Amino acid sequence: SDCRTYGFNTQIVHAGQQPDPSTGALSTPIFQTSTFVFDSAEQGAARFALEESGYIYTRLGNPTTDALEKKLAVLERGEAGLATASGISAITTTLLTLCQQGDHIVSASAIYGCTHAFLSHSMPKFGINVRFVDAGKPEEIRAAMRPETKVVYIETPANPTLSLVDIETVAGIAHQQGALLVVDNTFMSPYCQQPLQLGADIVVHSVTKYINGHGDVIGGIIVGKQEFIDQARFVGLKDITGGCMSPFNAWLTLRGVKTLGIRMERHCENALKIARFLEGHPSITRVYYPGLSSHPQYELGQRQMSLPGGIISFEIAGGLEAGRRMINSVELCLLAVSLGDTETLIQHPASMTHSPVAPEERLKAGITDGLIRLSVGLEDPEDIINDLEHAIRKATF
């Protein structure tokens, strides 16, 4: 039977994977090889000019990595997947495959910082200009389009304060103007959002976060039409970034994603409990979490995502000093820059990852002095709340 016919949890577990044909090994073998041998010169000829359209494997189409690419293609309802060395490489491989000197991109502003740096500094040095807009306002996207515009690029929910972007509406705008829509689905993952089903042409993830979920792989994935993915593979990866994923990283991500459904359900149930606790706490001025009724785009999130995700941002009373105290007083949450792990991770951007960026530039970038971002893990939510309550109380008494 066909992977695409099963329910979503069944696809999470099975899609792209079968017992090994030669051995019956249930786990996908780790094909940790750099080379593939041919049985004759004919085979060498055919299936190295053919470009992987029988079943012939190559280091750009490793059997292990193939399984992961097919899985994620199924979960996202795209035709084909392409794994990469990092979430950044998924984004740059995509964009550098699509764009040449003289092209233009319209991008959301409220995006992952390293993406913002690639788009603001790197792209224009290759002759590709980018306009940044507030993608929460689809009209700003339309107004930025140019005859040169090849692609519109968005993240949702948006990186710091988890404001949302209306994918369906933006896809319509981009397509009417003949651009592709590229959506970074990292923070939702397949489970919570499916951009392609909403009109996006290409979805990218950092698997580093939820898809792997175990805090032990850096990796990225791109999903879209075969025609695009073929180019992203045989030109973008092969020729431009060289950002191939190692078969071991693919194997671990395959293993991590087996639990995607139940981890996302746990992260989301936990985050909701925690968000409600924070919403009720007199030392917290604001809580940003799509799952709360006070979310300005609550209606959109309802239409567009199946769960409200495991990330919460919130502002502590007392600004910068309160933020540093709270962060230094947590005992269970771990201070880190990543997200989407099994452990609960916390960060204070204005206290840590943005100390150089003067008061003007960080607040502008959505980062207030009292802003804390919380990646909710799989611990007992009452342990996480107790830890937060203890740290907040210390920071604000």
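Throughout, we count residues from 1 along the sequence that is shown.
- Between 30-38 and 343-351, the higher mean Cα B-factor belongs to 343-351.
- Comparing 218-226 with 102-110, the stretch with the higher mean C-alpha B-factor in the PDB entry is 102-110.
- Per the PDB entry, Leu320 shows the highest C-alpha temperature factor of the residues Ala90, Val152, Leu320, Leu75.
- Which of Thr97, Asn185, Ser163, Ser246 has the largest Cα B-factor in the deposited entry comes down to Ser163.
- Annotation for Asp369: CA B-factor lies in the highest third of the chain's modelled residues.
- Among the modelled residues of its chain, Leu254 has a C-alpha B-factor that falls in the lowest third, as given in the PDB entry.
- Ranked by Cα temperature factor within the chain, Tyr298 sits in the highest third according to the deposited record.
- In the deposited entry, the Cα temperature factor of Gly136 places it in the highest third of its chain's modelled residues.
- Annotation for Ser338: CA B-factor lies in the highest third of the chain's modelled residues.
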